[PDB]
Amino acid sequence: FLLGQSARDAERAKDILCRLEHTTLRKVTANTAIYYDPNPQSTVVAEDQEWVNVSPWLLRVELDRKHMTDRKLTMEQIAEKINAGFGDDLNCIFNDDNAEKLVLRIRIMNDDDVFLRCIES
Amino acid sequence: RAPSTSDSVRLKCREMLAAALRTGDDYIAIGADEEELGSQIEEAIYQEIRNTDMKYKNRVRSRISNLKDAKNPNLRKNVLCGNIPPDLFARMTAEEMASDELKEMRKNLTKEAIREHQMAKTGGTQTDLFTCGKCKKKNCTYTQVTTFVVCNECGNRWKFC
Amino acid sequence: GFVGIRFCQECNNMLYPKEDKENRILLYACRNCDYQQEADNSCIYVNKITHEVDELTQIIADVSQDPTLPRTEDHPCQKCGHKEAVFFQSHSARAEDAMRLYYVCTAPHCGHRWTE
Ligand SMILES: [Zn+2]
Ligand SMILES: [Zn+2]
């Protein structure tokens with residue numbers, strides 16, 4: 001049962017539901033692949049994102065919109081929780097919330113090739 | 001006027017914000033001081049974070065990227081015109097800085113997600129023929145299988161044989 | 001896209017991807033052989049979490065001669081223009097949304113398939 005004014009409007013009851021329904025990346029992710037883009041700015045997938053942010057390989061994870069929006073999620077908290085969850089071995093250059101594709105680029109810096117698949121899995 | 005800063009990181013951030021405001025020459029037509037405006041946006045970001053850490057650098061980079069967005073030249077025009085004050089622009093979310101098309105798309109997707117997650121109202125024939133024994137209101141719904149009746153006001157359920 | 005398995009040319013075993021830590025380039029080496037061939041796709045692996053797959057790739061034209069299967073005269077072919085078409089739902093288990101109907105031209109040497 002809902003205690004606050006949220007008890008009335010379905011809108012402010014919805015965010016309680018999102019704060020309760022267990023939602024892992026698999027629910028909002030769409031397509032997860034890997035790439036040995038030899039430099040952050042190499043951008044073999046043709047992206048202008050790292051160039052403004054200025055490993056030889058990365059995880060790329062184009063997330064879902066109609067699943068991320070329906071949860072009122074953002075790349076901000078996703079990247080925060082990633083870096084907090086695995087520690088600063090991982091760096092995540094997330095996209096912006098203006099582009100059409102909701103990519104995350106994930107790299108490691110300091111048995112590695114399989115290791116991106118190991119952490120993603 | 002934004003205070004002068006001696007910090008090399010803050011000076012580079014002001015220069016990069018001014019360069020983002022110059023993108024597309026809109027500052028010439030408006031006659032806005034893009035150096036002063038870049039300094040005020042940086043100062044407002046610095047007043048919130050009070051440190052030059054990765055959080056500050058990420059925040060400045062996000063603003064530069066949104067000002068340089070070729071799909072949203074209106075955001076940069078609105079900042080140069082003073083429709084968005086430097087302090088507000090320094091606090092605004094990536095959702096509030098988005099293009100009007102992307103804002104409306106997100107609003108529609110959010111509204112559709114809410115509509116899809118709304119439980120279907122249980123069907124039946126609405127009728128005023130039945131008076132609820134608990135609340136004495138006539139707003140009831142019936143279904144025959146024996147007539148089952150539900151009061152729409154207090155949720156009381158009963159049957160007739 | 002994807003990436004296939006490319007097999008070694010000597011042992012015909014599976015080539016694993018390996019970075020050239022000298023030239024900074026992706027290779028495909030073998031486990032049993034010492035066969036280093038130079039990558040082109042720059043990709044290791046993909047994974048469609050959406051499970052989006054086009055059924056028209058899986059629908060085989062031979063289904064048209066299935067007597068068990070409903071025939072329409074309400075959607076003509078596009079290449080030839082036959083009137084007759086069988087239609088069905090996606091037999092694949094990934095179909096909880098896809099009650100969408102897939103149609104096949106009931107005309108030999110055509111087997112044109114489409115979805116409306
Ligand atoms: Zn071999
Ligand atoms: Zn045909």
# chains A, B, ... in the order shown; residues from 1 in each chain; ligands from 1

$ interface_residues --of "chain B" --to "chain A" --cutoff "8 Å" --atoms "only C-alpha atoms" --output "PDB file with N, CA, C and O atoms, in the first residue's frame"
ATOM      1  N   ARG B  61      32.324  19.290 -19.262  1.00  0.00           N
ATOM      2  CA  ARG B  61      32.288  18.545 -20.537  1.00  0.00           C
ATOM      3  C   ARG B  61      30.870  18.297 -21.040  1.00  0.00           C
ATOM      4  O   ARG B  61      30.618  18.463 -22.231  1.00  0.00           O
ATOM      5  N   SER B  62      29.943  17.942 -20.151  1.00  0.00           N
ATOM      6  CA  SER B  62      28.532  17.769 -20.505  1.00  0.00           C
ATOM      7  C   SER B  62      27.941  19.061 -21.083  1.00  0.00           C
ATOM      8  O   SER B  62      27.280  19.014 -22.121  1.00  0.00           O
ATOM      9  N   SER B  65      29.422  19.760 -24.579  1.00  0.00           N
ATOM     10  CA  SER B  65      28.825  18.834 -25.549  1.00  0.00           C
ATOM     11  C   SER B  65      27.405  19.241 -25.943  1.00  0.00           C
ATOM     12  O   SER B  65      27.073  19.164 -27.120  1.00  0.00           O
ATOM     13  N   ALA B  94      20.647  16.718 -18.161  1.00  0.00           N
ATOM     14  CA  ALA B  94      20.768  16.324 -19.567  1.00  0.00           C
ATOM     15  C   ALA B  94      19.398  16.162 -20.260  1.00  0.00           C
ATOM     16  O   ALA B  94      19.308  16.213 -21.486  1.00  0.00           O
ATOM     17  N   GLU B  95      18.329  15.962 -19.491  1.00  0.00           N
ATOM     18  CA  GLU B  95      16.964  15.885 -20.008  1.00  0.00           C
ATOM     19  C   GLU B  95      16.394  17.270 -20.299  1.00  0.00           C
ATOM     20  O   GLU B  95      15.830  17.496 -21.367  1.00  0.00           O
ATOM     21  N   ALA B  98      18.031  18.844 -23.470  1.00  0.00           N
ATOM     22  CA  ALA B  98      17.766  18.151 -24.730  1.00  0.00           C
ATOM     23  C   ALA B  98      16.970  19.011 -25.735  1.00  0.00           C
ATOM     24  O   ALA B  98      16.323  19.997 -25.364  1.00  0.00           O
ATOM     25  N   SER B  99      17.015  18.625 -27.016  1.00  0.00           N
ATOM     26  CA  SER B  99      16.180  19.250 -28.049  1.00  0.00           C
ATOM     27  C   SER B  99      14.699  19.073 -27.723  1.00  0.00           C
ATOM     28  O   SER B  99      14.309  18.093 -27.088  1.00  0.00           O
ATOM     29  N   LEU B 102      13.455  15.712 -28.786  1.00  0.00           N
ATOM     30  CA  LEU B 102      13.884  14.622 -27.907  1.00  0.00           C
ATOM     31  C   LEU B 102      13.153  14.654 -26.557  1.00  0.00           C
ATOM     32  O   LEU B 102      12.841  13.600 -26.003  1.00  0.00           O
ATOM     33  N   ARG B 106      10.768  11.610 -25.304  1.00  0.00           N
ATOM     34  CA  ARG B 106      10.910  11.025 -23.957  1.00  0.00           C
ATOM     35  C   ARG B 106       9.614  11.105 -23.156  1.00  0.00           C
ATOM     36  O   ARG B 106       9.253  10.138 -22.486  1.00  0.00           O
ATOM     37  N   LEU B 109       7.249   8.403 -24.692  1.00  0.00           N
ATOM     38  CA  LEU B 109       7.703   7.086 -24.233  1.00  0.00           C
ATOM     39  C   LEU B 109       7.377   6.852 -22.753  1.00  0.00           C
ATOM     40  O   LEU B 109       6.867   5.799 -22.386  1.00  0.00           O
ATOM     41  N   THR B 110       7.593   7.857 -21.901  1.00  0.00           N
ATOM     42  CA  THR B 110       7.247   7.779 -20.472  1.00  0.00           C
ATOM     43  C   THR B 110       5.738   7.607 -20.281  1.00  0.00           C
ATOM     44  O   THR B 110       5.295   6.784 -19.484  1.00  0.00           O
ATOM     45  N   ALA B 113       4.843   3.969 -21.503  1.00  0.00           N
ATOM     46  CA  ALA B 113       5.280   3.046 -20.462  1.00  0.00           C
ATOM     47  C   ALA B 113       4.313   3.057 -19.266  1.00  0.00           C
ATOM     48  O   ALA B 113       3.887   1.999 -18.809  1.00  0.00           O
ATOM     49  N   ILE B 114       3.888   4.240 -18.803  1.00  0.00           N
ATOM     50  CA  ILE B 114       2.883   4.352 -17.734  1.00  0.00           C
ATOM     51  C   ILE B 114       1.557   3.708 -18.155  1.00  0.00           C
ATOM     52  O   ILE B 114       0.950   3.004 -17.354  1.00  0.00           O
TER      53      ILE B 114
END

$ residues_near_ligand --ligand "ligand 2" --cutoff "6 Å" --atoms "only C-alpha atoms and all ligand atoms" --output "mmCIF file with N, CA, C and O atoms, in the first residue's frame"
data_model
loop_
_atom_site.group_PDB
_atom_site.id
_atom_site.type_symbol
_atom_site.label_atom_id
_atom_site.label_comp_id
_atom_site.auth_asym_id
_atom_site.auth_seq_id
_atom_site.Cartn_x
_atom_site.Cartn_y
_atom_site.Cartn_z
ATOM 1 N N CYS C 77 1.748 -11.235 -54.430
ATOM 2 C CA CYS C 77 3.195 -11.161 -54.411
ATOM 3 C C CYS C 77 3.662 -9.818 -54.972
ATOM 4 O O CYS C 77 2.909 -9.078 -55.609
ATOM 5 N N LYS C 79 7.281 -9.604 -56.409
ATOM 6 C CA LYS C 79 8.128 -9.872 -57.565
ATOM 7 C C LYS C 79 7.286 -10.299 -58.761
ATOM 8 O O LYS C 79 7.305 -9.644 -59.809
ATOM 9 N N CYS C 80 6.531 -11.386 -58.626
ATOM 10 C CA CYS C 80 5.770 -11.879 -59.768
ATOM 11 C C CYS C 80 4.387 -11.242 -59.800
ATOM 12 O O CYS C 80 3.948 -10.740 -60.839
ATOM 13 N N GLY C 81 3.703 -11.263 -58.668
ATOM 14 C CA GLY C 81 2.354 -10.772 -58.541
ATOM 15 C C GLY C 81 1.310 -11.858 -58.394
ATOM 16 O O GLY C 81 0.144 -11.614 -58.724
ATOM 17 N N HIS C 82 1.687 -13.039 -57.914
ATOM 18 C CA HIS C 82 0.711 -14.075 -57.620
ATOM 19 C C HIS C 82 -0.324 -13.587 -56.615
ATOM 20 O O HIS C 82 -0.038 -12.779 -55.731
ATOM 21 N N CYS C 105 4.513 -16.519 -51.107
ATOM 22 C CA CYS C 105 3.924 -16.662 -52.429
ATOM 23 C C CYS C 105 3.815 -18.130 -52.804
ATOM 24 O O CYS C 105 4.814 -18.854 -52.817
ATOM 25 N N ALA C 107 3.663 -19.922 -55.378
ATOM 26 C CA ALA C 107 3.933 -20.031 -56.803
ATOM 27 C C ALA C 107 5.364 -20.521 -56.993
ATOM 28 O O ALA C 107 6.318 -19.841 -56.597
ATOM 29 N N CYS C 110 9.223 -18.829 -57.259
ATOM 30 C CA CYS C 110 9.118 -17.482 -56.712
ATOM 31 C C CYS C 110 9.500 -17.514 -55.237
ATOM 32 O O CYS C 110 10.503 -16.917 -54.842
ATOM 33 N N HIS C 112 8.489 -15.859 -52.829
ATOM 34 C CA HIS C 112 8.621 -14.539 -52.237
ATOM 35 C C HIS C 112 7.892 -14.499 -50.904
ATOM 36 O O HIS C 112 6.712 -14.849 -50.822
#

$ closest_residue --among "C:56, C:98, C:29, C:39" --to "ligand 1" --atoms "only C-alpha atoms and all ligand atoms"
C:29

$ closest_residue --among "C:49, C:14, C:63, C:27" --to "chain A" --atoms "only C-alpha atoms"
C:49

$ residues_near_ligand --ligand "ligand 1" --cutoff "8 Å" --atoms "only C-alpha atoms and all ligand atoms" --output "list in words"
residues 7, 8, 9, 10, 11, 12, 13, 14, 15, 29, 30, 31, 32, 33, 34 and 35 of chain C

$ write_last_selection --atoms "N, CA, C and O atoms" --output "PDB file, in the first residue's frame"
ATOM      1  N   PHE C   7      38.211 -20.616 -39.518  1.00  0.00           N
ATOM      2  CA  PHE C   7      39.004 -21.775 -39.153  1.00  0.00           C
ATOM      3  C   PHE C   7      40.422 -21.660 -39.683  1.00  0.00           C
ATOM      4  O   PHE C   7      40.671 -21.089 -40.747  1.00  0.00           O
ATOM      5  N   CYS C   8      41.354 -22.223 -38.922  1.00  0.00           N
ATOM      6  CA  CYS C   8      42.740 -22.253 -39.349  1.00  0.00           C
ATOM      7  C   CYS C   8      42.877 -22.938 -40.698  1.00  0.00           C
ATOM      8  O   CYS C   8      42.084 -23.803 -41.072  1.00  0.00           O
ATOM      9  N   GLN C   9      43.896 -22.525 -41.435  1.00  0.00           N
ATOM     10  CA  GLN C   9      44.133 -23.042 -42.769  1.00  0.00           C
ATOM     11  C   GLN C   9      44.973 -24.303 -42.729  1.00  0.00           C
ATOM     12  O   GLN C   9      44.918 -25.107 -43.664  1.00  0.00           O
ATOM     13  N   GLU C  10      45.747 -24.480 -41.663  1.00  0.00           N
ATOM     14  CA  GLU C  10      46.604 -25.656 -41.501  1.00  0.00           C
ATOM     15  C   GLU C  10      45.824 -26.766 -40.805  1.00  0.00           C
ATOM     16  O   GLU C  10      45.567 -27.820 -41.393  1.00  0.00           O
ATOM     17  N   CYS C  11      45.435 -26.537 -39.552  1.00  0.00           N
ATOM     18  CA  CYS C  11      44.741 -27.548 -38.767  1.00  0.00           C
ATOM     19  C   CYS C  11      43.227 -27.523 -38.930  1.00  0.00           C
ATOM     20  O   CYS C  11      42.558 -28.432 -38.431  1.00  0.00           O
ATOM     21  N   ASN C  12      42.664 -26.513 -39.592  1.00  0.00           N
ATOM     22  CA  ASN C  12      41.208 -26.354 -39.647  1.00  0.00           C
ATOM     23  C   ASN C  12      40.592 -26.332 -38.252  1.00  0.00           C
ATOM     24  O   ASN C  12      39.441 -26.730 -38.062  1.00  0.00           O
ATOM     25  N   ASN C  13      41.352 -25.878 -37.262  1.00  0.00           N
ATOM     26  CA  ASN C  13      40.782 -25.576 -35.962  1.00  0.00           C
ATOM     27  C   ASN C  13      40.295 -24.129 -35.907  1.00  0.00           C
ATOM     28  O   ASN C  13      40.446 -23.350 -36.851  1.00  0.00           O
ATOM     29  N   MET C  14      39.686 -23.778 -34.780  1.00  0.00           N
ATOM     30  CA  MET C  14      39.101 -22.458 -34.588  1.00  0.00           C
ATOM     31  C   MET C  14      40.170 -21.427 -34.242  1.00  0.00           C
ATOM     32  O   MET C  14      40.975 -21.634 -33.330  1.00  0.00           O
ATOM     33  N   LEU C  15      40.164 -20.312 -34.966  1.00  0.00           N
ATOM     34  CA  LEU C  15      41.097 -19.223 -34.711  1.00  0.00           C
ATOM     35  C   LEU C  15      40.579 -18.321 -33.599  1.00  0.00           C
ATOM     36  O   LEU C  15      39.455 -17.818 -33.670  1.00  0.00           O
ATOM     37  N   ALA C  29      44.897 -15.923 -34.185  1.00  0.00           N
ATOM     38  CA  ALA C  29      45.844 -17.018 -34.082  1.00  0.00           C
ATOM     39  C   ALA C  29      45.123 -18.319 -33.768  1.00  0.00           C
ATOM     40  O   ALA C  29      43.950 -18.344 -33.389  1.00  0.00           O
ATOM     41  N   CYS C  30      45.850 -19.412 -33.940  1.00  0.00           N
ATOM     42  CA  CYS C  30      45.352 -20.743 -33.650  1.00  0.00           C
ATOM     43  C   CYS C  30      45.913 -21.217 -32.320  1.00  0.00           C
ATOM     44  O   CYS C  30      46.922 -20.711 -31.824  1.00  0.00           O
ATOM     45  N   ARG C  31      45.239 -22.205 -31.744  1.00  0.00           N
ATOM     46  CA  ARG C  31      45.785 -22.867 -30.569  1.00  0.00           C
ATOM     47  C   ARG C  31      46.796 -23.935 -30.964  1.00  0.00           C
ATOM     48  O   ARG C  31      47.928 -23.941 -30.470  1.00  0.00           O
ATOM     49  N   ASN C  32      46.409 -24.841 -31.859  1.00  0.00           N
ATOM     50  CA  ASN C  32      47.307 -25.924 -32.239  1.00  0.00           C
ATOM     51  C   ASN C  32      48.336 -25.476 -33.270  1.00  0.00           C
ATOM     52  O   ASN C  32      49.531 -25.757 -33.121  1.00  0.00           O
ATOM     53  N   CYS C  33      47.905 -24.772 -34.311  1.00  0.00           N
ATOM     54  CA  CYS C  33      48.868 -24.253 -35.266  1.00  0.00           C
ATOM     55  C   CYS C  33      49.473 -22.946 -34.762  1.00  0.00           C
ATOM     56  O   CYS C  33      48.977 -22.311 -33.828  1.00  0.00           O
ATOM     57  N   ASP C  34      50.569 -22.555 -35.398  1.00  0.00           N
ATOM     58  CA  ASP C  34      51.115 -21.204 -35.285  1.00  0.00           C
ATOM     59  C   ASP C  34      50.704 -20.345 -36.479  1.00  0.00           C
ATOM     60  O   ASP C  34      51.538 -19.795 -37.198  1.00  0.00           O
ATOM     61  N   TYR C  35      49.397 -20.229 -36.694  1.00  0.00           N
ATOM     62  CA  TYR C  35      48.856 -19.514 -37.844  1.00  0.00           C
ATOM     63  C   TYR C  35      48.299 -18.175 -37.385  1.00  0.00           C
ATOM     64  O   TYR C  35      47.283 -18.124 -36.686  1.00  0.00           O
TER      65      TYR C  35
END

$ closest_residue --among "C:36, C:65, C:57, C:72" --to "residue 114 in chain C" --atoms "only C-alpha atoms"
C:57

$ select_by_dssp --residues "range 11-155 of chain B" --states "strand (DSSP E or B)" --output "JSON, numbers by chain"
{"B": [125, 126, 127, 140, 141, 142, 143, 144, 147, 148, 149, 150, 151]}

$ residues_around --residues "residue 122 in chain B" --least-positions-apart "4" --cutoff "12 Å" --atoms "only C-alpha atoms" --output "list in words"
residues 118, 126, 141, 142, 143, 150, 152 and 155 of chain B

$ select_by_dssp --residues "range 43-75 of chain C" --states "helix (DSSP H, G or I)" --output "list in words"
residues 55, 56, 57, 58, 61, 62, 63, 64 and 65 of chain C

$ residues_around --residues "residue 31 in chain B" --least-positions-apart "5" --cutoff "9 Å" --atoms "only C-alpha atoms" --output "list in words"
residues 26, 80 and 81 of chain B

$ closest_atom_pairs --of "chain C" --to "chain A" --cutoff "12 Å" --atoms "only C-alpha atoms" --output "CSV"
residue,atom,partner,partner_atom,distance
C:1,CA,A:33,CA,9.8
C:2,CA,A:33,CA,9.0
C:3,CA,A:33,CA,10.2
C:16,CA,A:113,CA,10.1
C:17,CA,A:113,CA,8.2
C:18,CA,A:113,CA,7.7
C:19,CA,A:36,CA,7.8
C:20,CA,A:38,CA,10.2
C:21,CA,A:56,CA,9.4
C:22,CA,A:38,CA,11.7
C:23,CA,A:38,CA,10.0
C:24,CA,A:38,CA,6.5
C:25,CA,A:38,CA,7.1
C:26,CA,A:36,CA,6.8
C:27,CA,A:36,CA,10.2
C:39,CA,A:36,CA,10.4
C:40,CA,A:36,CA,10.8
C:41,CA,A:35,CA,8.9
C:42,CA,A:36,CA,5.7
C:43,CA,A:35,CA,4.7
C:44,CA,A:34,CA,5.6
C:45,CA,A:33,CA,5.5
C:46,CA,A:33,CA,4.0
C:47,CA,A:32,CA,5.1
C:48,CA,A:31,CA,4.5
C:49,CA,A:30,CA,4.7
C:50,CA,A:30,CA,4.8
C:51,CA,A:30,CA,8.2
C:52,CA,A:30,CA,8.9

$ residues_around --residues "residue 67 in chain B" --least-positions-apart "6" --cutoff "12 Å" --atoms "only C-alpha atoms" --output "list in words"
residues 98 of chain A; 16, 17, 18, 19, 20, 21, 22, 23, 24, 26, 38, 41, 60, 61, 73, 74, 75, 76, 77, 78, 79, 80, 89, 90, 94, 97, 98 and 99 of chain B

$ decode --residues "range 81-104 of chain B" --atoms "N, CA, C and O atoms" --output "mmCIF file, in the first residue's frame"
data_model
loop_
_atom_site.group_PDB
_atom_site.id
_atom_site.type_symbol
_atom_site.label_atom_id
_atom_site.label_comp_id
_atom_site.auth_asym_id
_atom_site.auth_seq_id
_atom_site.Cartn_x
_atom_site.Cartn_y
_atom_site.Cartn_z
ATOM 1 N N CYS B 81 21.168 34.443 -25.551
ATOM 2 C CA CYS B 81 20.139 35.475 -25.415
ATOM 3 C C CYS B 81 19.795 35.808 -23.956
ATOM 4 O O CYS B 81 19.101 36.793 -23.714
ATOM 5 N N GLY B 82 20.261 35.005 -22.993
ATOM 6 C CA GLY B 82 19.929 35.154 -21.577
ATOM 7 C C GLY B 82 18.551 34.608 -21.186
ATOM 8 O O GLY B 82 18.127 34.817 -20.053
ATOM 9 N N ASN B 83 17.854 33.892 -22.080
ATOM 10 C CA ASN B 83 16.611 33.183 -21.745
ATOM 11 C C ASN B 83 16.867 32.073 -20.720
ATOM 12 O O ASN B 83 16.008 31.774 -19.896
ATOM 13 N N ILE B 84 18.051 31.462 -20.790
ATOM 14 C CA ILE B 84 18.544 30.534 -19.780
ATOM 15 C C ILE B 84 19.690 31.247 -19.058
ATOM 16 O O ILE B 84 20.736 31.461 -19.678
ATOM 17 N N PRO B 85 19.524 31.635 -17.781
ATOM 18 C CA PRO B 85 20.595 32.282 -17.047
ATOM 19 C C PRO B 85 21.761 31.302 -16.810
ATOM 20 O O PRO B 85 21.531 30.094 -16.675
ATOM 21 N N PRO B 86 23.009 31.802 -16.717
ATOM 22 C CA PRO B 86 24.198 30.969 -16.537
ATOM 23 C C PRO B 86 24.113 30.001 -15.344
ATOM 24 O O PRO B 86 24.516 28.847 -15.475
ATOM 25 N N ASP B 87 23.541 30.437 -14.213
ATOM 26 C CA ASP B 87 23.357 29.596 -13.017
ATOM 27 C C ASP B 87 22.374 28.441 -13.256
ATOM 28 O O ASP B 87 22.655 27.293 -12.909
ATOM 29 N N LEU B 88 21.253 28.710 -13.936
ATOM 30 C CA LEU B 88 20.304 27.660 -14.298
ATOM 31 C C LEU B 88 20.954 26.666 -15.259
ATOM 32 O O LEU B 88 20.918 25.464 -15.009
ATOM 33 N N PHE B 89 21.625 27.148 -16.308
ATOM 34 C CA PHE B 89 22.327 26.282 -17.259
ATOM 35 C C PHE B 89 23.393 25.404 -16.573
ATOM 36 O O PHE B 89 23.573 24.231 -16.915
ATOM 37 N N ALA B 90 24.057 25.941 -15.548
ATOM 38 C CA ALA B 90 25.009 25.219 -14.715
ATOM 39 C C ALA B 90 24.374 24.148 -13.808
ATOM 40 O O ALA B 90 25.087 23.243 -13.368
ATOM 41 N N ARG B 91 23.057 24.139 -13.592
ATOM 42 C CA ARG B 91 22.366 23.120 -12.775
ATOM 43 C C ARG B 91 21.505 22.164 -13.591
ATOM 44 O O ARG B 91 21.412 20.996 -13.214
ATOM 45 N N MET B 92 20.991 22.621 -14.734
ATOM 46 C CA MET B 92 20.097 21.862 -15.615
ATOM 47 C C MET B 92 20.598 20.446 -15.909
ATOM 48 O O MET B 92 21.807 20.202 -16.082
ATOM 49 N N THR B 93 19.643 19.521 -15.986
ATOM 50 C CA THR B 93 19.889 18.108 -16.294
ATOM 51 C C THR B 93 20.099 17.881 -17.793
ATOM 52 O O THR B 93 19.757 18.712 -18.635
ATOM 53 N N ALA B 94 20.647 16.718 -18.161
ATOM 54 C CA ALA B 94 20.768 16.324 -19.567
ATOM 55 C C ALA B 94 19.398 16.162 -20.260
ATOM 56 O O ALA B 94 19.308 16.213 -21.486
ATOM 57 N N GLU B 95 18.329 15.962 -19.491
ATOM 58 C CA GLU B 95 16.964 15.885 -20.008
ATOM 59 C C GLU B 95 16.394 17.270 -20.299
ATOM 60 O O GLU B 95 15.830 17.496 -21.367
ATOM 61 N N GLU B 96 16.636 18.227 -19.409
ATOM 62 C CA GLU B 96 16.201 19.615 -19.570
ATOM 63 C C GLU B 96 16.979 20.368 -20.656
ATOM 64 O O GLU B 96 16.439 21.286 -21.272
ATOM 65 N N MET B 97 18.231 19.990 -20.932
ATOM 66 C CA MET B 97 19.034 20.579 -22.015
ATOM 67 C C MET B 97 18.744 19.971 -23.397
ATOM 68 O O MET B 97 19.169 20.530 -24.405
ATOM 69 N N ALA B 98 18.031 18.844 -23.470
ATOM 70 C CA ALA B 98 17.766 18.151 -24.730
ATOM 71 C C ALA B 98 16.970 19.011 -25.735
ATOM 72 O O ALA B 98 16.323 19.997 -25.364
ATOM 73 N N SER B 99 17.015 18.625 -27.016
ATOM 74 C CA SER B 99 16.180 19.250 -28.049
ATOM 75 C C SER B 99 14.699 19.073 -27.723
ATOM 76 O O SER B 99 14.309 18.093 -27.088
ATOM 77 N N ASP B 100 13.867 20.008 -28.174
ATOM 78 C CA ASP B 100 12.424 19.958 -27.914
ATOM 79 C C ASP B 100 11.790 18.678 -28.485
ATOM 80 O O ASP B 100 10.960 18.051 -27.832
ATOM 81 N N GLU B 101 12.273 18.219 -29.643
ATOM 82 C CA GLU B 101 11.883 16.938 -30.244
ATOM 83 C C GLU B 101 12.239 15.742 -29.347
ATOM 84 O O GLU B 101 11.408 14.865 -29.112
ATOM 85 N N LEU B 102 13.455 15.712 -28.786
ATOM 86 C CA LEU B 102 13.884 14.622 -27.907
ATOM 87 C C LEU B 102 13.153 14.654 -26.557
ATOM 88 O O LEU B 102 12.841 13.600 -26.003
ATOM 89 N N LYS B 103 12.859 15.846 -26.031
ATOM 90 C CA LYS B 103 12.038 16.013 -24.823
ATOM 91 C C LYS B 103 10.632 15.469 -25.035
ATOM 92 O O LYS B 103 10.152 14.702 -24.204
ATOM 93 N N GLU B 104 9.999 15.821 -26.151
ATOM 94 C CA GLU B 104 8.651 15.351 -26.466
ATOM 95 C C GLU B 104 8.631 13.837 -26.716
ATOM 96 O O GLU B 104 7.764 13.136 -26.194
#
